[PDB]
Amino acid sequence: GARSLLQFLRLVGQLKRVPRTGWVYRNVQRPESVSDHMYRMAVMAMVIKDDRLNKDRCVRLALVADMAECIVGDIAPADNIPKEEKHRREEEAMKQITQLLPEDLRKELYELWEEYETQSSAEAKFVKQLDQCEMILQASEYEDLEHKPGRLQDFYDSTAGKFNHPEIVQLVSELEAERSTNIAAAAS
């Protein structure tokens, strides 16, 4: 609403200054931001084929997935925040965020978030897998940068059984194969 839109964009801009917590807790130097994370998710929504999904909706879901974190921060499992409490803080943040927009936009964005957070669609479940896959890609990238192959194994373990999209699964298996030989190599 001019002033309001500006305020909205300043809130979203805070995502640039939310470091992704899972890396912080592992002492990764200069960790990616939450917006870095969503950026690569959105691109993945563009380039990972699934001709059953509204891709346009997938992209938007990716750009809204973690948007609430501009206010709540990036909660990691090590924060031990109960599921219900995380949901509450997130809902409260999206309502602040989206009500700076006019009704049509407020509605569209709030429901975008609602769909991803509820995982109430095929698109949403796809984008969820993008999130997880982007995360383990990023873990291998930090292992490489650190020259400590295998150091971030806990991220890979955390995603056991969470991948069911055919295209994402072979991407993940390619990654893991490459990484496993990088690990066996460095052991000699």
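The first residue of the sequence shown is number 1, and the count goes up from there.
Enquirer: Please compare 157 to 165 with 29 to 37 and name the stretch with the higher mean C-alpha B-factor in the deposited structure.
Expert: The stretch with the larger mean CA B-factor is 157 to 165.
Enquirer: I need to verify one thing: averaged over C-alpha atoms only, is the B-factor higher for 66 to 74 or for 50 to 58?
Expert: Stretch with the greater average CA B-factor: 50 to 58.
Enquirer: Taking the chain's C-alpha temperature factors as the reference, tell me which third residue 119 falls into: lowest, middle or highest.
Expert: Within its chain, residue 119 is a highest-third residue by C-alpha B-factor, going by the deposited values.
Enquirer: Determine, from the deposited record, the chain-internal third of the Cα B-factor for residue 79: lowest, middle or highest.
Expert: For residue 79, the deposited C-alpha B-factor lands in the lowest third.
Enquirer: Check where residue 171 lands among this chain's C-alpha B-factors and tell me if it's the lowest, middle or highest third.
Expert: Ranked within chain, residue 171 CA B lands in the highest tercile.
Enquirer: Divide the modelled residues of the chain into thirds by Cα B-factor and specify which third, lowest, middle or highest, holds residue 15.
Expert: As the PDB entry reports it, the C-alpha B-factor of residue 15 lands in the lowest third of its chain.
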